[PDB]
Each structure stands twice: as structure tokens, then as C-alpha cells.
Amino acid sequence: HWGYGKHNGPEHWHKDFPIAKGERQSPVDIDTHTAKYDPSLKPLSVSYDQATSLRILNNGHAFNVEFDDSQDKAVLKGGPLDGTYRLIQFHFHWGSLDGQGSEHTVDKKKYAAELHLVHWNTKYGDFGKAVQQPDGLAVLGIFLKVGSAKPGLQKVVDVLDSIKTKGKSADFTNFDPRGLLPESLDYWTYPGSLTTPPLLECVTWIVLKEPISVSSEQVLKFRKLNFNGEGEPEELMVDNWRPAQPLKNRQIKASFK
Ligand SMILES: CCCSc1ccc(S(N)(=O)=O)cc1
Ligand SMILES: CCCSc1ccc(S(N)(=O)=O)cc1
Ligand SMILES: [Zn+2]
């Protein structure tokens, strides 16, 4: 099965998921000088006041914090979007070292990690139908740099020891994802894909310019997770990022400057 190793990592994915070589794959390098300021872009509207987290899961690739998406509760709208997108889960990608881990890059800069808040377009009724559509998902991407701790992250960090290995889950209620946002909602946007198999070309990417800071100790705890299941040989969950893919026929637009 696919993963992030030498034998099953990003360069192999195309053999099971040939869309890996498609026309709108993610992530990409954001060349900030060539990104077009678009005065028609609206402010992003992030409405997470009624978000209801339920559980956190080690899926063998990353961990997902899941939300009840059965009502209209935690929604993303505006920005480049038409319509209303409901939060279903967030997860991260991170490195073995502070100098790598993000999926998107900014003028070839890698960040230590990248947060993905995944939302599906309510016009398609549920997530599984949304991923079959070109405007099915909106993923809000936020870079992480190492510096001062992110206090709103610590509840996630502390639960990680209970989901160390593939397939473990733990109740995770009352987690407020507003505590993971930077101060500014200035962003870049472009059309792309899921960054893991099945690599479906269903995502409007919205990547915030301002990173959040997390501490060295917080990222260290991400790196103690394991890609293996309980009772199998330990493989630290590190370097679970896909490298930048060809931009092909796409324009990255900026909401700012
Ligand atoms: C059960 C592991 C078989 S080896 C292998 C299987 C699948 C992949 S893929 N194309 O990355 O999904 C890569 C390596
Ligand atoms: C369709 C099953 C995969 S769900 C899924 C896979 C990848 C992402 S990502 N890393 O945000 O593009 C978001 C959701
Ligand atoms: Zn992701």
C-alpha cells in the first residue's frame, strides 16, 4: 500500500493512482512574485464558532481530528469560493527535521509542517460525493514554523500518546480549531488536488500567507507518532508530505497586495 517510504512513497503513487501525473495536482510551489493580486477575491469567511470535534484518529499516514459535519456548524465561505463548505477534519504534514515538512512551498521555502482544514461543498450533500467533483472541496492550508508554542495546539499534542499507532482513535470533543489560525487571513488560491491517494482533482486550495508558530516540543511530539500498527516494527511518522508538483496550466491568485 501507498505511504511515505522509499518503497511506497510519492514517486510510486502514480502506478496505482495515475491521476498523480494529472493536470491539477497538489501541492505546488507558490512563486510569490508571479502570483496575481486579484481585487475580485473576497475576504475569507471562517465560521468555526459552533464546531463540534468528535475524535482524533491515527490513520497510518497522519492523524485526523474529525468533526460532526451532519449540520451546518463550522463552515468556510467567501474567498474564492461559491457557496458553503463544511469542515469535516483537519490533519498535518510534517518533517523529520524543522527544515522540511510542508507540502506547499513559498518561493521554494519549506516550512516545518502544514495544517490542512478540509471542507466539502454542501451542494454535493456529503464528502464522498464531493470528492468526485471539481469544486467539491476547499482545503485551508496553514504553514507551521518552529518558535513560540501555539497554545491552541497543545490539546492535540497531549492526546497523541493515546493514538501512537495506526488505527488508534480517542474521543476528542470540544476542540476549537479557531485556536490554530494566524492573525491574518490573507491567502493564495489555486485549483488542485488531494495530496494523498486517491489524488482526486477536487480541491480549491486556499493557503494562508501568515504561518503559525509552534514550539520545538510540540513538533517533536508529532514525530513520536508511528506509521505502523501496534505490535509491528516501529516506523516513526515523519516526512508525511508530498513534494511540489508541476503547476502546468494554472494561475495562483493572491488576495493581498
Ligand atoms: C502492500 C504493498 C505493496 S508494494 C506497493 C504497493 C502500492 C504502492 S502505491 N502505487 O504507491 O499505491 C507502492 C508500493
Ligand atoms: C478521499 C479519501 C482521502 S480524504 C483527504 C485526502 C487528502 C487531503 S489533503 N492532504 O488535505 O489534500 C484531504 C482529504
Ligand atoms: Zn493534507
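The figures that follow rest on heavy atoms only: side chains count, while hydrogens, waters and symmetry mates do not. The first residue in the sequence is number 1, and the count goes up from there.
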Give me the atom names and distance for the closest heavy-atom approach of [X] to [Y].
X: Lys257; Y: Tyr37; result: O-CB, 3.5 Å
X: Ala51; Y: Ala74; result: CB-CB, 3.8 Å
X: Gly3; Y: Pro10; result: O-CD, 4.0 Å
X: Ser193; Y: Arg242; result: OG-NH1, 4.2 Å
X: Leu117; Y: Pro177; result: CD2-CB, 4.3 Å
X: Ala254; Y: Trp188; result: CB-CD1, 3.8 Å

Between [atom1] on residue [X] and [atom2] on residue [Y], distance to nearest 0.5 Å:
X: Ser53; Y: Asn174; atom1: OG; atom2: CG; result: 6.0 Å
X: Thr34; Y: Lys36; atom1: OG1; atom2: NZ; result: 11.5 Å
X: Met237; Y: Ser96; atom1: CE; atom2: OG; result: 14.0 Å
X: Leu97; Y: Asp239; atom1: CG; atom2: CG; result: 7.0 Å
X: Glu183; Y: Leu185; atom1: CD; atom2: CG; result: 9.5 Å
X: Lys168; Y: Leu160; atom1: NZ; atom2: CG; result: 11.5 Å

Do [X] side-chain atoms and [Y] backbone N/O form a donor-acceptor pair below 3.5 Å?
X: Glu114; Y: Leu144; value: no
X: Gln25; Y: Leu199; value: yes
X: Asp38; Y: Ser40; value: yes
X: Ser255; Y: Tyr187; value: yes
X: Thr165; Y: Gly229; value: no
X: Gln100; Y: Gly95; value: no
X: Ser169; Y: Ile56; value: no
X: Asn240; Y: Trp94; value: yes
X: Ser102; Y: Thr105; value: no

Do we see a donor-acceptor contact under 3.5 Å between the side chains of [X] and [Y]?
X: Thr52; Y: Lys73; answer: yes
X: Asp171; Y: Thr173; answer: no
X: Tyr85; Y: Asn121; answer: yes
X: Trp2; Y: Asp16; answer: no
X: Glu103; Y: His93; answer: yes

Measuring only between side-chain heavy atoms, which start at C-beta, is [X] closer than 4.5 Å to [Y]?
X: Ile19; Y: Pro198; result: no
X: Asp31; Y: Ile252; result: no
X: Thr84; Y: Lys77; result: yes
X: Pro211; Y: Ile142; result: no
X: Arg86; Y: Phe67; result: no
X: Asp49; Y: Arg178; result: yes
X: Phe90; Y: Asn64; result: no
X: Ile212; Y: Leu181; result: no

Side chain to side chain contact (heavy atoms under 4.5 Å, CB included) assessment of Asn58 paired with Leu225: CA-CA 8 Å; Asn58 179 336; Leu225 287 166; 4.2 Å; yes

Enclosure of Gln50 CD (heavy-atom neighbours >12, cutoff 6.0 Å): no

Salt-bridge contact [X]-[Y] (side-chain N to carboxylate O under 4.0 Å):
X: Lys164; Y: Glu234; value: yes
X: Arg223; Y: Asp98; value: yes
X: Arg55; Y: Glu66; value: yes
X: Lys109; Y: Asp107; value: no
X: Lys248; Y: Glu23; value: yes

Full working for ring pair (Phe, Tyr, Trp, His ring centres under 6.0 Å) between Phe63 and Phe222: CA-CA 9 Å; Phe63 64 82; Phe222 285 11; 5.5 Å; yes

Quick check: is [Y] connected to [X] through a chain of hydrophobic side chains (ILVMFWY, heavy atoms under 4.5 Å apart)?
X: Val159; Y: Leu180; value: yes
X: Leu54; Y: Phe172; value: no
X: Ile206; Y: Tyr48; value: yes
X: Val75; Y: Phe175; value: no
X: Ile88; Y: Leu57; value: no

Check against side chain to side chain contact (heavy atoms under 4.5 Å, CB included), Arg250 and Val28: CA-CA 10 Å; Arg250 293 178 289 179; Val28 299; 3.5 Å; yes

Ring pair (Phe, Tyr, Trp, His ring centres under 6.0 Å): pairs with one or both residues in residues 96-115, sequence neighbours excluded: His104-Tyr190, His104-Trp205, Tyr111-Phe143

For residues 126-139, dump all side-chain donor-acceptor pairs below 3.5 Å to protein atoms at least two apart in sequence or in another chain.
residue, atom, partner, partner atom, Å
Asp126, OD1, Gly128, N, 3.4
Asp126, OD1, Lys129, N, 3.1
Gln132, NE2, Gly128, O, 3.1
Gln133, NE2, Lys129, O, 3.3
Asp135, OD1, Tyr124, OH, 2.6
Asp135, OD2, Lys123, NZ, 2.9

Test side chain to side chain contact (heavy atoms under 4.5 Å, CB included) applied to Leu140 and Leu44, step by step: CA-CA 10 Å; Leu140 180 58; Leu44 195 56; 3.8 Å; yes

Derivation and outcome, side chain to side chain contact (heavy atoms under 4.5 Å, CB included), residues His91 and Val118: CA-CA 8 Å; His91 59 273; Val118 180; 3.7 Å; yes

Test log, rule side-chain hydrogen bond (donor to acceptor under 3.5 Å, both in side chains), inputs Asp69 and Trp120: CA-CA 9 Å; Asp69 68 342; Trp120 57 267; 2.7 Å; yes

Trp13 ring center within less than 6.0 Å of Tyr4 ring center: yes

